[PDB]
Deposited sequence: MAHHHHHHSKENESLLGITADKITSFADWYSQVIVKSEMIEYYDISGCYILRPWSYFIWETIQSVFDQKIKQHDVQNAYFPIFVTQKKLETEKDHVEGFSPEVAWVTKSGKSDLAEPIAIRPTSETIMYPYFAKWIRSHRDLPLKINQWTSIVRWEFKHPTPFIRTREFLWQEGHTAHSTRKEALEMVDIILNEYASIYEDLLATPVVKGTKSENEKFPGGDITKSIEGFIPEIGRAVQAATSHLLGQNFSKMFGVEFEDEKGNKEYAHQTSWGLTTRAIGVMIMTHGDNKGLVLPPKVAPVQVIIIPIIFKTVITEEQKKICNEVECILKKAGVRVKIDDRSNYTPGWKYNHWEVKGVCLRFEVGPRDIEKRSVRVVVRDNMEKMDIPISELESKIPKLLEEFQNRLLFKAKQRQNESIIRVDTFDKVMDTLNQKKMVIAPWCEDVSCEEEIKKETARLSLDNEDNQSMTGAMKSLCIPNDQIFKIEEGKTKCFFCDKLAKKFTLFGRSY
């Protein structure tokens, strides 16, 4: 459903998008991220260059989320990129530095900072008055993935954020986990306009050395594969016992700290691209669009007139004062049709066509990117209407994407109707016993004919009769309903 709106002659050219999003997804995703000047392929597999058009989106995610964790008294720090083998162990996806002259003991590039920070958490934490401790850092992470890499979704090097907190009680640590999860869900929905499902991971899908793991799950209806959006781990007293992170509570006894760890990576950018894009190229939500309004004065070869420069400057002046990020494309090198497709490929929310008739009426022609809505707005109303249009743009993207996610979830009660649903490129919600043994047989049978538990949704829309309702696989007392499907 990415081919409904009108295409121009420039959109059907090579400077547009050639592949269809549904029938040829991988080629579509490559053309969208490359022709929009977001990604540049690197001579090292799995690594990609974040060009200014895409790095702007990551900077906005930084500004919003960093300001949210500071509301909860989370402080930023920085830990070394290297780690020793003895510390890293109390494996195949860890890059090892062995030479500089070889090294007697090779050092490793951090896949995560648990083994780096917690040896010093045990040093910094001695009393209950020293808790809670909340540390975060914005850094890059290297993980040599064995599967075929995908830009943003699965890269060997990616930018991320990792928060690590320590608490005096499990209760305080758990409500810290829910806070970061709701902020993670707020990033995808309130900022990226991408719908995600808040839930709890299964025992077989949770963080390895953790206690409880909660996450948000994203899904791509076109490819029919799920994508894990972000994770928030309740580590409990597991890691504190390994590194000796114990505090002295009131009453004098010794107790191991209750820790949490949570991360969000540049995978969020890719899930957004695949959620909103169409056959013209990028479709960006206005809250992360590098340019929300592009002003295209009708001019070819000849220089821009003094009246066109006067109109385009005051329109830019009104939008700049109104908080809208706007640029003027007065390049006489390309035709107006060329500029339309150019800024549509890179997902500019609105374009302003400024012709001689628009200067006479003191209005501008506005064309909306996602739905090709056309309208005349007087200049006297730009300060008010254009912020509203960008608000309507953001709301429309989230609404249309959310009704595609609900459309991609099918309720199943018996394993006989499970396979037919998955090939429809849809997820499965089913009653499940949440046992590790049951999940191991589900992934084996689904692969022979593989789907895994995506998350146990926090919001249970379907009721389970106590004692009677049985698992959708084999036979056991089902606890509640769990979301399944194949991943990316």
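Where C-alpha coordinates are absent, the deposited sequence of this PDB chain has the segments 1, 92 to 99, 110 to 111, 461 to 472.
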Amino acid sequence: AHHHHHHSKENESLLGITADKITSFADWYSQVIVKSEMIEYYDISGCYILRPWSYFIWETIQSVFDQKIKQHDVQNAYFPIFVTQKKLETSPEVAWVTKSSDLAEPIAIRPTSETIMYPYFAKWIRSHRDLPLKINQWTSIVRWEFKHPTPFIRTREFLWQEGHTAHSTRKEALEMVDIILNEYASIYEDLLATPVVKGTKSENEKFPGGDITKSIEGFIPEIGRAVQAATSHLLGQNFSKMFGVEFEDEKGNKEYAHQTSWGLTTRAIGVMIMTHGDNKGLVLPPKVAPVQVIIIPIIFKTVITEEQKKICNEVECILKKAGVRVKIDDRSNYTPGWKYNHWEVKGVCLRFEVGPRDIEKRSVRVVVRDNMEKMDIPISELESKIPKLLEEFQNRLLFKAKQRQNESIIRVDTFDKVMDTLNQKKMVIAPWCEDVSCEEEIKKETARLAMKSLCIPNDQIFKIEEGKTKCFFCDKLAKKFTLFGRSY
From here on, numbers count along this sequence of modelled residues.
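According to the PDB record, 356 to 364 carries the higher mean C-alpha B-factor of the two stretches 268 to 276 and 356 to 364. Of the two stretches examined, 35 to 43 and 418 to 426, the record assigns the greater average C-alpha temperature factor to 418 to 426. Highest CA B-factor among the listed residues (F56, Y29, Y48, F462): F462. Based on the entry's C-alpha B-factors, the most elevated value among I69, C455, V64, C438 belongs to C438. Sorting the modelled residues of the chain by their CA temperature factor places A104 in the highest third. Remark: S113 belongs to the middle third of its chain, ranked by C-alpha B-factor as recorded. Per the deposited record, the Cα B-factor of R325 falls in the lowest third when ranked against the other modelled residues of its chain. The deposited CA B-factor of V303 belongs to the highest third of values across its chain. Among the modelled residues of its chain, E381 has a C-alpha B-factor that falls in the middle third according to the deposited record.
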